[PDB]
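Every read-out reported here was derived from the displayed coordinates using simple, explicitly stated rules and does not represent laboratory data. In this analysis, Cβ positions are derived from the backbone assuming ideal geometry, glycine residues included, and neighbour counts consider all displayed protein chains.
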Amino acid sequence: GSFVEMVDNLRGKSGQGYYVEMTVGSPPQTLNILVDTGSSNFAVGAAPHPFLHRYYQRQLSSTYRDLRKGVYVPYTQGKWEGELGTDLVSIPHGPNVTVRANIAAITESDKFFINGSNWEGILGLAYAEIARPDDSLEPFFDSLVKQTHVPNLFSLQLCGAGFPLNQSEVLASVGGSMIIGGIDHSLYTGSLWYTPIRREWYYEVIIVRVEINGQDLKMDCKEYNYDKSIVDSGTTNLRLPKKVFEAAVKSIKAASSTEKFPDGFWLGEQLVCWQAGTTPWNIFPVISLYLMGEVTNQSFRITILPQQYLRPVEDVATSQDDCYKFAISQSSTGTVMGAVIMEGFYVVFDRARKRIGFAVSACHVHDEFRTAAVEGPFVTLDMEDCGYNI
Ligand SMILES: CN1C(=N)NC(c2ccccc2)(c2ccccc2)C1=O
């Protein structure tokens with residue numbers, strides 16, 4: 001492990017997000033910032049909000065520069081709005097550099113901040129193409145690489161605890177690592193396998209085959225990537241296109257048929273509980289996603305356990321039962337490999353070589369009988385046809 005200063009610099013959990021400490025302005029203002037590979041703006045709370053105990057105070061920063069431009073960011077379940085500017089930014093448990101970066105000072109929001117998440121802003125790590133208002137607003141990572149000698153690569157080890165963390169525990173617990181400019185070999189086991197970044201906007205990838213307990217879902221592979229497949233630390237669940245979700249849920253139900261679960265469970269709305277320590281992991285299947293390899297006609301697979309796709313939640317009665325929600329849900333916007341999937345792996349965002357690496361995480365939750373896996377190669381034909389075109 002050659003990046004000790006950055007190891008264990010994340011906190012949080014899949015449901016509320018994983019965050020890294022950052023500083024903004026002169027003198028430095030410390031904020032906790034959501035690590036989001038699914039967006040491209042660096043945006044921070046800059047006005048009082050009921051869910052924020054701190055926020056960016058531009059009037060207190062001598063290095064603040066006003067860009068005299070507003071930004072309006074609506075998304076499916078809410079929105080944020082703010083004022084654009086630039087300031088000096090650092091990552092205390094990061095590279096030892098300070099950069100001048102764009103900052104959207106959030107002045108108004110709806111269902112953006114999450115009560116008790118402990119973060120006050122978001123770090124959009126994807127590409128300029130999806131930055132708001134447009135691609136002229138340089139993302140943080142682009143600024144960092146341009147201004148310093150930091151290599152154009154970052155890697156994420158998101159560590160799910162495998163059980164619920166209360167308010168005190170989640171603040172005191174290590175949630176993982178964000179390695180800026182490198183790969184830390186202590187964070188994974190086995191080999192790193194790489195899939196191409198199809199296009200630089202979201203971190204888009206191509207899924208070529210899906211299995212549930214080794215059984216091929218047998219859908220036309222274009223369905224798996226309709227209308228895109230992305231790697232997103234800012235999404236909790238593994239989200240699948242409607243038809244893929246319907247086929248996967250049918251297969252997962254069939255594999256786990258020895259126990260009947262309510263419709264609300266499969267809809268990802270309701271929790272299910274078992275007496276302490278009796279979760280029947282073995283009845284649930286493993287899920288393998290095959291990804292396009294770097295070599296022509298070659299693929300590899302990543303395999304997750306129910307310890308990844310069943311998200312630990314506290315019981316309504318804070319009982320001694322072990323409870324979970326089903327963290328696979330449908331999408332009308334393509335596949336999303338969210339935090340519950342990323343929790344199984346060390347994920348290398350190799351922007352320099354336009355590729356994403358996956359290896360079994362040193363912190364993935366498993367049992368004595370099964371582990372997550374990253375394996376290959378497999379001979380896979382016409383993988384280009386798996387990609388969707390509008
Ligand atoms: C799926 N997803 C995401 N990865 N980041 C969010 C986002 C952020 C900025 C602009 C559009 C979407 C997000 C993250 C945290 C809270 C709210 C929204 C979002 O909705």
For the range 170-187, Karplus couplings with θ = phi - 60° (6.51, -1.76, 1.60), whole Hz, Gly/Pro x: 5, 6, 9, 8, 7, x, x, 9, 10, 9, 8, x, x, 10, 9, 5, 7, 8
Could you give the distance between the Cα centres of the range 32-108 and the range 111-127, to the whole Å? 10
Kindly write out, for the range 101-110 in residue order, the coupling ³J(HN,Hα) from the Karplus curve 6.51 cos²θ - 1.76 cosθ + 1.60 (θ = phi - 60°), rounded to whole Hz, with x marking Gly and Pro. 10, 5, 9, 8, 7, 6, 9, 8, 7, 9
Using per-residue counts of other Cβ atoms within 10 Å, averaged over each peptide, order 82-91, 120-129 from highest down. 120-129, 82-91
Would you compute the Debye intensity of the range 312-390 from its alpha-carbon atoms alone, equal scatterers and no solvent, and pass along log10 I(q)/I(0) at q = 0.11, 0.24 Å⁻¹ to two decimals? -0.50, -1.34
Considering only the other residues whose Cβ falls under 14 Å of the Cβ of residue 311, what net charge follows from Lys and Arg at +1 and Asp and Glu at -1? -2
Percent relative contact order of the range 18-150, based on C-alpha pairs within less than 8 angstrom and at least six residues apart? 32
Over the range 156-198 - Rg/Rh using Cα atoms and the Kirkwood inverse-distance radius: 1.08
Order the peptides 37-49, 103-115 from the highest to the lowest mean number of other Cβ atoms within 10 Å of their residues. 37-49, 103-115
Using alpha-carbon positions, the gyration tensor of the range 151-390 gives root eigenvalues a ≥ b ≥ c; with a/c under 1.5 called rounded, otherwise prolate if a/b exceeds b/c, else oblate, the class is oblate
Arranged by the count of other C-beta atoms within 10 angstrom, fewest first, what order do 365, 347 take? 365, 347
For the chain, what relative contact order do you get, as a whole percent, if you take Cα pairs closer than 8 Å and at least 6 residues apart? 19
Mean ellipticity per residue at 222 nm, deg cm²/dmol - from DSSP H runs of n ≥ 4 across the chain, formula -39500 (n - 2.57): -2500 deg cm²/dmol
Which far-off residues, 5 or more places away or on another chain, put their amide H under 5 Å from the one on residue 182, with H placed in the peptide plane? 155
By a straight-distance test (C-alpha under 12 Å), which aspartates and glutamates pair with residue 354 as possible cross-link partners, with residues fewer than eight away in the same chain excluded? 200, 204, 294
In a Gaussian network model of the chain with springs linking alpha carbons closer than 10 Å, the residue among 248, 352, 372 that fluctuates most is 352
If amide H atoms are modeled at 1.01 Å from N in the peptide plane, then the residues at a separation of 5 or more from residue 120, or on another chain, having amide H under 5 Å from its own are 32, 33, 34
Which residue, 330, 147, 307, has the most motion in a Gaussian network model of the chain that connects Cα atoms within less than 10 Å? 147
Which whole-Hz ³J(HN,Hα) couplings does the range 38-49 yield from phi under the Karplus relation 6.51 cos²θ - 1.76 cosθ + 1.60, θ = phi - 60°, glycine and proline marked x? x, 8, 10, 9, 9, 9, 10, x, 10, 8, x, 8
If each of residue 258 and residue 147 carries a label point 7 Å out from its Cα toward its Cβ, how far apart are those two points in nm? 5.7
Counting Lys and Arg as +1 and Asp and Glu as -1, each charge on the Cβ, what is the dipole of the chain about the Cα centre in debye, to the nearest 20? 420
In whole Å, what three semi-axes, largest first, describe the equivalent ellipsoid of the range 18-150 built from its Cα gyration tensor (square root of 5 times each eigenvalue)? 20, 17, 15
If amide hydrogens are placed 1.01 Å from N in the peptide plane, which non-local residues have theirs closer than 5 Å to the one on residue 208? 290, 291, 292
